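Shown next as structure tokens: one chain only, the form deposited in one PDB entry.
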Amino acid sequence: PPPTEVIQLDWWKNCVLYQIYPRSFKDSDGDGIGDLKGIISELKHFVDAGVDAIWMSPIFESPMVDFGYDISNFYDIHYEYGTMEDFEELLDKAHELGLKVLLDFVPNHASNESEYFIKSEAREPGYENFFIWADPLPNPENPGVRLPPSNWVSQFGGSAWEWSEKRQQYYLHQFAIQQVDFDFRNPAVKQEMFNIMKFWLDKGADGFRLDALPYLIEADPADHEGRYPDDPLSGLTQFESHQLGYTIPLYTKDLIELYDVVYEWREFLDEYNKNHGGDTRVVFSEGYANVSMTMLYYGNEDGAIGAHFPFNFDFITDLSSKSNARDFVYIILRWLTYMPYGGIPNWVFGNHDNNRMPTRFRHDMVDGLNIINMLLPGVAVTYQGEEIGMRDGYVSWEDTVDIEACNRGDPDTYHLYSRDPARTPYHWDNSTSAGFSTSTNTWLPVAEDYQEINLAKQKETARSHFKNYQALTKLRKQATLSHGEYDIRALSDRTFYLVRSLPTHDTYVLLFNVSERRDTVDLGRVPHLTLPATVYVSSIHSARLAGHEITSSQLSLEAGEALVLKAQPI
């Protein structure tokens, strides 16, 4: 039977999306700080890797308190990264190579060094109500003893309320003291968000990652007898009143009103795509929330439409080296069971806020994890370094610069909080500072294992994480991966299968031993697998090379061993 034609999908429905952390990708000018000229110089890397789309962490003007998530000017480039002209060059060259480019949009908060905040604190007309400003809580017990409006706790520790001597009021910060929460009930704030997105779409951005959306809106004091209501206490004894986890964020996170803002953004974007034509511009939302609250980002039962997708963080939050094959299957099934019909699935294995994929799992699991990412239906999301199996870098207390570690931690505890280990410079090669920089003085220390783990080494050697990555992004061109069904089950506590099948097209089968022990399985239990079949990709430690023929229905897999098999059509 001739292989059926499939209707090609819009680019965003099955792209490989790569997150760049610009400060740590490529330093072009020897200051130990990654920059836009650095990115331009290695845009060819994304073509070589089989990446369709890049999203950059924030590159806008910022005092760098939260390394770019504290934005003082939403309309220009951070000087350490380069100039507006460098950004326009990046977009032109990325587009020439057929890549899509997404920017990190940070709508929840602005730098306390923004004109928005300076004018708001000064009560200039039109800015007075731009942020959440609150009087001290009345103190009938001791009148005029200053109390915060409520018990709300910052994501970076301490009160979410900061006193302004100038304004004689508290402002809200869910993040750092320097990150001031906008009032999303103010129509002028909502207009300014459209102004920012229009500016960057007009420059030719292909869309946005939407930062920290669960924290957009907090309880209206009009609904709580003219005060900000206290969040419920957790009652967990390990947390004092200044420590994140002391409260349950009932009045400060996942408010139903936030989704109305997201649906308004999507309406604006749909209108922009209709009026401008060309490639669909998209929004992908960031929010760590339960399944119900996560799926509302897609849209609601009234038929409102939201983000093209909310990020799926399940491989960060719900799986690790403690997981067995049944855990892998049960967590993979969660997105696919709960996602609305017509929704596009996505898979995230890492980001700049979490430990690196091989550290959360094991070094011998890198290939199997990248195979899951690329072989599951929908969109594969890769964090800078996953394509070469980068591990967390050692960062001392002395070298730690993450506000979350510095605010929540001390020399003895900082490792529980710090995001710095996942932000160490990218391993290009075995030259000074792993080819990230010509300087030995990098903004974070280069990981100690860059001699063993670097892109140039993996491009030369016969078998590598990066060559596996390339083989997998290439496989995504096949109709079976773009349009095929999926079947996923555990064969044992150690090994699971994932079958992509499509009548008249080749069958692809992942077999993954996620355990630390050898496992023998009966391939006769795998649906749509006829033997003999051919190894397409194997873990770097597999006895099987690509082109190896599987003939026996009895298969032994070593600890961490993953195979992709190519089998005849069904």
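Under this definition, the rigid core comprises the largest set of C-alpha atoms superposing within 1.5 Å between the forms. Only residues modelled in both forms are compared. Don't overthink the numbering: it's just position in the shown sequence, from 1.
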Report summary line: Averaging the C-alpha temperature factors as deposited, the higher value of 60-68 versus 540-548 falls on 540-548
Query raised in the report: Do the CA atoms of 138-146 or those of 350-358 have the higher mean B-factor in the entry?
Result: 138-146
Requested in this report: Among the candidates 368, 204, 287, 345, give the one with the maximum CA B-factor reported in the record.
Outcome: 204
Query raised in the report: Per the coordinate record, which of the options 382, 312, 174, 441 holds the highest CA temperature factor?
Result: 441
Requested in this report: Ordered by C-alpha B-factor within the chain, which third holds residue 118? Give me lowest, middle or highest, please.
Outcome: highest
Query raised in the report: By the record's CA B-factor, is residue 227 among the lowest, middle or highest third of residues in the chain?
Result: highest
Requested in this report: State the tercile, meaning the lowest, middle or highest third, of residue 17 with respect to the CA B-factors recorded for its chain.
Outcome: lowest
Requested in this report: Compare the C-alpha B factor of residue 403 with those of the other modelled residues in its chain, then answer lowest, middle or highest third.
Outcome: highest
**Report entry** Third of the chain's Cα B-factor distribution that residue 303 belongs to, per the entry
**Finding:** highest
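One more form of this protein should be noted, the form deposited in another entry, which is absent from this view; the next part is about it.
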**Report entry** Answer among 125, 278, 187, 143 for the CA shift between the shown form and the other one that reaches 2 Å or more, rigid core superposed
**Finding:** 143
Query raised in the report: What runs of three or more residues stand out between the shown form and the other one, with each Cα shifted 2 Å or more once the rigid core is matched?
Result: 137-145
